[PDB]
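Below: one structure, written as structure tokens.
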Amino acid sequence: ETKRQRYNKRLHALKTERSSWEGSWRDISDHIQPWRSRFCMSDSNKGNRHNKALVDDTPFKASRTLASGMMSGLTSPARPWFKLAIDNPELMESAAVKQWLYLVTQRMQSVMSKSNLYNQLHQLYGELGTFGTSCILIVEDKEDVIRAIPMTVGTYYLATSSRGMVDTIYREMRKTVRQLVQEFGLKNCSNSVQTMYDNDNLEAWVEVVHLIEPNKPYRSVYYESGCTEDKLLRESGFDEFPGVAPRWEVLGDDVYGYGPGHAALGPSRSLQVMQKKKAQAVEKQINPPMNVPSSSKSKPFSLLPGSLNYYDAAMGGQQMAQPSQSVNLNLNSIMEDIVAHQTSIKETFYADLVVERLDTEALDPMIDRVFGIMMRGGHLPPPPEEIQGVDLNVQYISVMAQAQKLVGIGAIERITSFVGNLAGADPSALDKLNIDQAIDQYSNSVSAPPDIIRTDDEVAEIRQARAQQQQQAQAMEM
């Protein structure tokens, strides 16, 4: 058996496993976000996607608001959203290590700034809030160090490792011949793609399956499903898992997780039906059917505004048109339930205002993936020899491992005030200050550049010079 047969078998297994979620995903797309999921393959780039079941788009606005709020809260494009750490404090106490950490912080942040990673973080958050499971890929690039590969729900398949993390990724992408020759090279393509290229059929589509699995620890494989030739497209290897696969909530030992879209699917459908019914009722109200009586001699253009009709006064019948049906409807009752359902849908998506979960799967391997790439491209200056290839740890200033730094400041401020307050009653109270050390504690907390804080040698030298400067003149005064 060749590798291609193994890949196809695993793809089929993943497909028959994922078959059970597609109905719910399609319902979510139809009734919450009908521009996201694209299970249909040939639909690629066929832009019709008419709003099919969403008369009232309140769930759509709610999901979008949730995505924007999560972006702003956690990884807002206002620059600071993370700080980098290493798992030994004594090395951190060295000025060189601190300066290198700040340098790698600046380089990381600038590089991710130049990249389009924030766009795909936006898309990831939106689709994760909507469908409950989303993923993006990060790969090296020339015009930019880190590039972000986006995929929408339905076009990719997932599997989880024994650790519970997502480790296997399959996806189907439709690419044109020109893209194939651009990214793989002509000589790696099959006979069909080659002969289409020589015929200058650049824009013709072709199915290609892209797959990431653990073994480099992770191997990448591309191949053309349509061209049954056993030759591969491209195989490579990854050191850290490139996939960013956050799941709102997982029941357990599952590969996809239900999200707020699942909870709001039902109420969305109920609200759509209620809106349709109310619209029908109002149409009945404002354009009722007309029962024009006989003996009115009503020519077709007799009910036109401004027209004057002349009727016999002898016939005492009701010479005046009347509505066809008696409707004494009240909109207050139905509108109450409509507003209640709207509010429930908004509160389902936190529109009035798991979040920490994105730290460990939506940010932890994203930073780890971008970590080695820039290092592979030497985008970071070499680290001090106190550390050797250490897989560095991340602190998320937005919400993670951040408050105690501020809390430590509060403890320091009260302690410094304590020594400060009795400084006005006893100078000897300042003896217990450890000033030379008090700067280090506050520094590590406020997240300031380490070049602000002078090293131990620098302080000693100036103090040594100061004492020598004072002693020399005082000795002559002696």
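Counted the way PDB author numbering counts, the sequence shown spans residues 4 to 218, 231 to 368, 399 to 523. Note that CB positions come from ideal geometry on N, CA and C, so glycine has one too.
Backbone secondary structure at residue i - three-state DSSP
| i | result |
| --- | --- |
| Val209 | strand |
| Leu475 | helix |
| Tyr487 | helix |
| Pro495 | helix |
| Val504 | helix |
| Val196 | helix |
| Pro261 | coil |
| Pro217 | strand |
| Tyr273 | strand |
| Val236 | strand |
| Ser32 | helix |
| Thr363 | helix |
| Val342 | coil |
| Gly455 | helix |
| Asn324 | coil |
| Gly331 | coil |
Inter-residue spacing [alpha-carbon to alpha-carbon] between residue i and residue j
| i | j | result |
| --- | --- | --- |
| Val100 | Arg511 | 29 angstroms |
| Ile412 | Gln112 | 11 angstroms |
| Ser348 | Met154 | 43 angstroms |
| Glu210 | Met176 | 6 angstroms |
| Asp269 | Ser22 | 14 angstroms |
| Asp502 | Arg508 | 10 angstroms |
| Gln334 | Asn324 | 10 angstroms |
| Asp409 | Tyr441 | 10 angstroms |
| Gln337 | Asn302 | 12 angstroms |
| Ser118 | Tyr233 | 23 angstroms |
| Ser66 | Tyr487 | 40 angstroms |
| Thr136 | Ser32 | 13 angstroms |
| residue 612 | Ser492 | Missing from the structure shown is residue 612; the chain here goes from 4 to 523 and no further. |
| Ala56 | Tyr159 | 25 angstroms |
| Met521 | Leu467 | 36 angstroms |
| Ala151 | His15 | 26 angstroms |
| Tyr121 | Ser443 | 16 angstroms |
| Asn343 | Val297 | 12 angstroms |
| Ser116 | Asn194 | 41 angstroms |
| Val307 | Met44 | 55 angstroms |
| residue 378 | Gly455 | Position 368 is followed directly by 399 in the chain, which means residue 378 is not present among the coordinates. |
| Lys49 | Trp38 | 12 angstroms |
| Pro472 | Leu478 | 11 angstroms |
| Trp208 | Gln36 | 26 angstroms |
| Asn51 | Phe416 | 40 angstroms |
| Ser310 | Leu318 | 15 angstroms |
Residue burial classification, residue i (beta-carbon count within 10 angstroms, cutoff 16)
| i | result |
| --- | --- |
| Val236 | buried |
| residue 227 | Missing from the coordinates: residue 227, inside the break in the chain from 218 to 231. |
| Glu239 | buried |
| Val400 | exposed |
| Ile497 | exposed |
| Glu130 | buried |
| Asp59 | buried |
| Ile480 | exposed |
| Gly274 | buried |
| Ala355 | exposed |
| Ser40 | buried |
| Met330 | exposed |
| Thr243 | exposed |
| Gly26 | exposed |
| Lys190 | exposed |
| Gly267 | exposed |
Per DSSP, the bridge partner or partners of residue i
| i | result |
| --- | --- |
| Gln440 | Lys86 |
| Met176 | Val211 |
| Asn306 | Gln337 |
| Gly241 | DSSP, once it has assigned bridges, lists no residue as partnering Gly241. |
| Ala162 | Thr171 |
| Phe253 | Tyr233 |
Residue i at chain D interface by Cβ criterion, 8 angstroms
| i | result |
| --- | --- |
| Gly272 | The structure shown contains no chain D; it holds only a single protein chain. |
Next on the checklist: List, from N- to C-terminal side, the beta strand (DSSP E) runs of 3 residues or more that fit wholly inside the region 399 to 448.
Outcome noted: Within the region 399 to 448, the complete beta strand (DSSP E) runs of at least 3 residues are 438 to 440.
Next on the checklist: Just to confirm the assignment: which complete beta strand (DSSP E) runs, minimum length 3, are found wholly within the region 37 to 104?
Outcome noted: 86 to 88
Item to check | Sequence ranges, alpha helix (DSSP H) only - wholly within the region 119 to 156, length at least 4 | outcome: 120 to 134
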